[PDB]
Amino acid sequence: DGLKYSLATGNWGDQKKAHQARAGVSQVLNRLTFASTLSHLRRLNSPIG
Amino acid sequence: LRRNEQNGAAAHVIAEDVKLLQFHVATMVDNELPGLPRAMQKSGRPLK
Amino acid sequence: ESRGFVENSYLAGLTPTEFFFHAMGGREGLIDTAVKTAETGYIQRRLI
Amino acid sequence: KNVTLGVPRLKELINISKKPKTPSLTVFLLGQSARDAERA
Amino acid sequence: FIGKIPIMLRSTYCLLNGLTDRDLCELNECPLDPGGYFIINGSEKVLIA
DNA sequence: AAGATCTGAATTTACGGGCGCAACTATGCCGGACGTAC
RNA sequence: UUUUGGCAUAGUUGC
DNA sequence: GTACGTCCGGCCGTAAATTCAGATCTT
């Protein structure tokens with residue numbers, strides 16, 4: 001479940017310490033058009049930090 | 001704490017009860033302040 | 001051209017370096033639009 | 001020169017601040033130093 | 001046994017590894033689908049870099 | 001005159017705020033203990 | 001014969 | 001006897017606080 005939850009919700013770190021966990025790493029794949037799917041799969045996120 | 005005083009229980013446990021009650025009322029009105037840690041709902045989420 | 005003076009018109013089309021520097025230039029337009037929208041209302045709500 | 005303007009300056013004017021970004025004194029002269037560059 | 005690891009689609013361990021387009025059609029999988037995502041509770045999840 | 005005090009005047013942490021709304025999605029809080037059946 | 005509803009999040013997107 | 005299985009207990013602006021120079025008292 002531990003991987004599964006983290007991939008299901010996109011909260012990364014300890015599950016019980018999700019208050020300070022980095023969020024939005026895993027996202028539901030955007031299936032609207034093939035270009036959007038490819039663009040989503042080749043995506044980089046820069047956190048604020 | 002009520003049943004402690006009805007029983008006439010010890011003083012240190014009564015003081016601990018007063019401490020926890022102070023924390024509980026303070027985080028019931030305001031669950032954010034630079035004091036004791038926040039209150040969670042036993043589900044890993046802070047109380048509003 | 002080294003420091004980002006693009007000499008072709010939009011009709012003539014920009015070269016690769018010119019195109020990249022133009023994208024860099026327009027990025028500030030997008031960002032300052034974003035921060036303007038971030039400051040929309042705040043000054044206005046404080047004033048009202 | 002370079003002086004702060006736009007919504008930062010308007011912010012500071014309404015958000016009255018002890019620290020200006022670009023504090024200045026547009027100071028004028030009255031004697032012959034007004035016209036004499038050397039004396040200025 | 002110690003658990004279950006989610007498998008990125010069309011990786012070296014997904015069942016669609018190195019399958020021709022005909023077999024992908026027989027499994028009702030689009031041969032143009034690039035893969036690179038997990039299936040968690042049926043939802044397609046992609047990890048943003 | 002000297003002092004101690006001592007009382008008003010220069011330097012360090014620490015909350016606490018941080019666009020209008022729309023729209024859509026997707027995910028979410030156990031382990032001992034006691035009985036009953038087979 | 002007259003109902004109806006999860007709350008708080010997180011992400012994405014429109015002006 | 002064994003296990004299961006399901007029912008009960010655990011940035012910047014104030015603003016306070018710390019240290020240094022008159023001043024009356026103390027000596």
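Just so we're on the same page: letters track the sequence lines, and every chain starts at 1. We use all heavy atoms of the structure for the numbers below, so side chains are in, but hydrogens, waters and symmetry mates are not.
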S.K.: Using the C1' atom as the reference point in each nucleotide, state the distance between H:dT6 and F:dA37 in Å, no decimals.
M.R.: 13 Å
S.K.: side-chain contact (heavy atoms from CB on, under 4.5 Å) for C:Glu39 and C:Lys36? Distances and angles first, verdict last.
M.R.: CA-CA 5 Å; C:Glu39 281 189 356; C:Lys36 279 174 185 58; over 6 Å; no
S.K.: Determine the Euclidean distance between corresponding P atoms of F:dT27 and H:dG13; express it in Å to zero decimal places.
M.R.: 46 Å
S.K.: If each of B:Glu32 and E:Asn41 is mapped to the nucleotide of DNA chain F with the nearest heavy atom, which maps nearer the 5' terminus, i.e. the 5' end?
M.R.: B:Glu32
S.K.: Please give, in whole Å, the distance from F:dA26 P to A:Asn30 CG?
M.R.: 12 Å
S.K.: In terms of the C1'-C2'-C3'-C4' torsion, is F:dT25 a north or a south sugar?
M.R.: north
S.K.: Within this structure, what is the CD1-to-P distance between E:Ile48 and G:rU12, rounded to whole angstrom?
M.R.: 9 Å
S.K.: Atom pairs under 3.5 Å, N or O on each side, protein against nucleotides 18-22 of chain F: can you list them with distances?
M.R.:
unit_1 : atom_1 : unit_2  : atom_2 : d
F:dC19 : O4'    : C:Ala38 : O      : 2.9
F:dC19 : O3'    : C:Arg45 : NH1    : 2.7
F:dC19 : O3'    : C:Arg45 : NH2    : 2.4
F:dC19 : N1     : C:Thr37 : O      : 2.8
F:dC19 : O2     : C:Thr37 : O      : 3.4
F:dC19 : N3     : C:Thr37 : O      : 3.4
F:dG20 : OP1    : C:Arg45 : NH1    : 2.8
F:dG20 : OP1    : C:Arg45 : NH2    : 3.4

S.K.: H:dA16 pairs with which nucleotide, Watson-Crick or G-U wobble, both distances below 3.5 Å?
M.R.: F:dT12
S.K.: Expressed in angstrom and rounded to an integer, what is the separation of A:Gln15 atom CD from G:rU9 atom P?
M.R.: 19 Å
S.K.: Using the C1' atom on both, measure F:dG28 against G:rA10 and round to a whole Å.
M.R.: 11 Å
S.K.: Does the pair G:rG5, G:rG6 qualify as stacked when the test is that the six-membered ring centres sit under 5.5 Å apart and the ring planes lie under 30° from each other?
M.R.: no
S.K.: From CZ of E:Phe38 over to P of F:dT27, roughly how many Å is that when rounded to an integer?
M.R.: 16 Å
S.K.: Who does H:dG10 pair with, Watson-Crick or G-U, both distances under 3.5 Å?
M.R.: none
S.K.: Pairing check, G:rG6 versus F:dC29: Watson-Crick or G-U wobble, both under 3.5 Å?
M.R.: no
S.K.: Count the heavy atoms belonging to other residues, nucleotides or ligands that lie under 6.0 Å from CG of A:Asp1, then report whether that count exceeds 12.
M.R.: no
S.K.: Would you say CZ of A:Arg22 has more than 12 non-hydrogen atoms from neighbouring residues, nucleotides or ligands within 6.0 angstrom?
M.R.: no
S.K.: Take atom NZ in D:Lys21; do more than 12 heavy atoms of anything else shown fall under 6.0 Å from it?
M.R.: no
S.K.: At a heavy-atom distance below 4.0 Å, what parts of residues 10-24 of chain D sit against DNA chain H?
M.R.: D:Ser17, D:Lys18, D:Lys19
S.K.: With a 3.5 angstrom cut-off on both distances, give the Watson-Crick or G-U wobble partner of F:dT5, or none if there isn't one.
M.R.: H:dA23
S.K.: Between G:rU2 and F:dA33, how far apart are the two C1' atoms, rounded to whole Å?
M.R.: 49 Å
S.K.: Now, which nucleotide makes the Watson-Crick or G-U wobble pair with G:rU3, with each of the two distances under 3.5 Å?
M.R.: none
S.K.: Round to the nearest Å and state the distance from A:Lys4 atom NZ to F:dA26 atom P.
M.R.: 17 Å
S.K.: How long is the straight-line distance from OG of A:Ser6 back to NZ of E:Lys45, given to the nearest 0.5 Å?
M.R.: 10.5 Å
S.K.: Which whole-number value in Å describes the distance from B:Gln41 CD to G:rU9 P?
M.R.: 11 Å
S.K.: Taking the P atom of each, how far is F:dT7 from H:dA23, in whole Å?
M.R.: 14 Å
S.K.: With a 4.5 Å cut-off on side-chain heavy atoms, are B:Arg38 and A:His19 touching?
M.R.: no
S.K.: Please give me the minimum heavy-atom distance between E:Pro31 and E:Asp21, naming the atom from each residue.
M.R.: CB-OD1, 3.5 Å
S.K.: With a cut-off of 5.5 Å for ring centres and 30° for planes, do F:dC30 and F:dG31 stack?
M.R.: no
S.K.: Report the distance from atom NZ of B:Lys42 to atom P of G:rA8, rounded to the nearest whole Å.
M.R.: 23 Å
S.K.: Would you call the sugar of G:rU4 north or south from its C1'-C2'-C3'-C4' torsion?
M.R.: south
S.K.: Within a 6.0 Å radius of atom CZ on C:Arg46, are there more than 12 heavy atoms belonging to other residues, nucleotides or ligands?
M.R.: yes
S.K.: Going strictly by the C1'-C2'-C3'-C4' torsion (positive north, negative south), how would you label H:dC7?
M.R.: south
S.K.: Looking just at side-chain N and O atoms, do A:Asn11 and A:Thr9 make a donor-acceptor pair shorter than 3.5 Å?
M.R.: yes
S.K.: For the neighbouring pair F:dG20 and F:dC21, do the six-membered rings of their bases satisfy both conditions, a centre distance under 5.5 Å and a plane angle under 30°?
M.R.: yes
S.K.: Would you call the sugar of H:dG9 north or south from its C1'-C2'-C3'-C4' torsion?
M.R.: south
S.K.: What nucleotide, of F:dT27, G:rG11, F:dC29, holds the atom closest to the side chain of A:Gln27?
M.R.: G:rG11
S.K.: Distance between the P atoms of H:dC8 and F:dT25, in whole angstroms?
M.R.: 39 Å
S.K.: Does a sphere of radius 6.0 Å around CD in C:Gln44 hold more than 12 heavy atoms from other residues, nucleotides or ligands, not counting ones at 6.0 Å or beyond?
M.R.: yes
S.K.: Students should be able to answer this: classify the pucker of F:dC6 from the sign of its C1'-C2'-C3'-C4' torsion, north or south.
M.R.: south
S.K.: For H:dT27 and F:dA4, measure between their P atoms and round to the nearest Å.
M.R.: 12 Å
S.K.: If you check every side-chain atom of A:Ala23, which of G:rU12, F:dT27, G:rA10 has the closest atom?
M.R.: G:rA10
S.K.: Using a side-chain heavy atom cutoff under 4.5 Å and only I, L, V, M, F, W and Y, what cluster partners does A:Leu41 have?
M.R.: A:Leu29, E:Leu9, E:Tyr37, E:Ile39, E:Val46, E:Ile48
S.K.: Do we see a donor-acceptor contact under 3.5 Å between the side chains of A:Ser36 and A:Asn30?
M.R.: yes
S.K.: NE2 of A:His40 versus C1' of G:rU13: gap in Å, rounded?
M.R.: 11 Å
S.K.: Can you check the distance between G:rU9 and F:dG18, where both ends of the measurement are the P atom (answer in whole Å)?
M.R.: 15 Å
S.K.: Partner of G:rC15 by Watson-Crick or G-U wobble geometry, both contacts under 3.5 Å, or none?
M.R.: F:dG20
